[PDB]
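Read the single chain below, which is given as structure tokens and is the form deposited in one PDB entry.
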């Protein structure tokens, strides 16, 4: 625990064995907000015994995320016991990650994204139908239930060329199982013990103990094999992975499960945050509709080219991701002793970039608390540092599905907003309050009321 002292870097005093984890009672976002304000440009703390160095300087951020990615800052914090999911790209290391990256990245080229628009359009139709049902009754909507089903429908069909039709089944197996893959929350004596005694991880790995429920991984393990069967019995993410067979049968499933979960969880999450922000700013919700109407007059179906035309939509999406970067923190492990922009960083340290905190630094963002889409306007855009604003990370190891998620959320949003308007109702949580999880999640689902437009 003497490390940060010895290095001259400040921070909260750790407890023996525990480190600074009891500070996690208010969530990672408040912890990082506090430290940033108290300690300044750079601070340090201990997740159990693991030193974590938070950095704030934009050029220093470019160094660990971009310049020295391959050389020293390549991998993320080790995570286990993880079992067969060690193959997964998001937790793969060094050259294994490198070749997994160059394999799967063509999945999301412009051109392949264009192909996905007519495929998503079908589910866009089922989306507007389900919400219309809720606009007729006047009943409240748990948005995570409808945008989730939509996210799940979109990512299965674009990646595996299979229509699991989640949007009509409220009790679809692909959504029940996939949502029960994270969940871990604060103070679970499992994850808590693993942060404090990470030397236990090997034993758990040896006893075949796993973070993910085997029930849930069995179903996902099965489902993907069935989907792989269909393609081999008559070019997307699936196809791209079959062709490499250098993927093992189990490595393929690992990658799939990443994309399935990322598809479902990430997309619907952000969508709920966007929807909330619009419903609580109808001034902004209307200005967006005006734009959607102008670029696509009388309910004209959206296209890849027309999405790129909607400047205000992109502003609104950007501004939500500023307040709600679901990853909260970027991180990368230091492979070897190094000096960067003047600062010594020892081997083994976790270097952490506090996205959430920096998106609210009064130094770069005037009135950081407020939802103001005008921040990202063409005339204002050039004062934003691209290393301060990092909803999708930066460099060779950024979010592989960035552009897909942006297009797909914009697609849903267009289909929704050209048809409906969203008003806050009874059950709606104002102000919004966030869970104490590993990804950014609201405590109690976002509930809004749905009105139809004109007549």
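Basically, rigid core = biggest C-alpha set you can superpose within 1.5 Å across the two forms. Positions refer to the first chain, counted from 1.
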Checklist line | No coordinates for residue 234 in a third or more of the other PDB entries | finding: yes
Checklist line | residue 185 dropped in a third or more of the other entries | finding: yes
Notebook entry, point to check: How many residues sit between residue 245 and residue 246 in the deposited sequence but have no coordinates: none, 1 to 3, 4 to 9, or 10 or more?
Noted result: 4 to 9
Note to self: So, looking at the entry's B-factor column for Cα atoms, which has the higher mean, 361-369 or 182-190?
What the structure shows: 182-190
Next item on the list: Mind pulling up the entry and telling me whether 86-94 or 134-142 has the higher mean Cα temperature factor?
Entry: 134-142
Notebook entry, point to check: Out of 170, 263, 106, 348, which one has a C-alpha B factor higher than all the others in the entry?
Noted result: 170
Next item on the list: Determine which member of 165, 314, 277, 385 has the highest CA B-factor, using the values in the deposited entry.
Entry: 165
Next item on the list: Taking the values exactly as deposited, rank residue 28 by C-alpha B-factor within its chain and report the matching third: lowest, middle or highest.
Entry: middle
Next item on the list: Tell me, lowest, middle or highest third: where does the Cα B factor of residue 414 rank within its chain?
Entry: middle
Item checked: Modelled-residue ranking by C-alpha temperature factor, third containing residue 111 -> middle
Note to self: Lowest, middle or highest third: which one holds residue 354 when the chain's residues are ordered by CA B-factor from the entry?
What the structure shows: lowest
Check: residue 344: which third of its chain by C-alpha temperature factor?
Finding: lowest
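Beyond what is shown, the protein has a form deposited in another entry; the following relates to that form.
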Notebook entry, point to check: Core fitted between this form and the one not shown: which of 222, 381, 347, 363 shows a C-alpha shift of 2 angstroms or more?
Noted result: 222
Item checked: Core-superposed C-alpha of residue 10 shifting 2 Å or more between this form and the one not shown -> no
Next item on the list: Tell me, please, whether between this form and the one not shown the C-alpha of residue 291 is shifted by 2 Å or more, with the rigid core used for superposition.
Entry: no
Item checked: Large Cα move at residue 118 between this form and the one not shown, threshold 2 Å, rigid core -> no
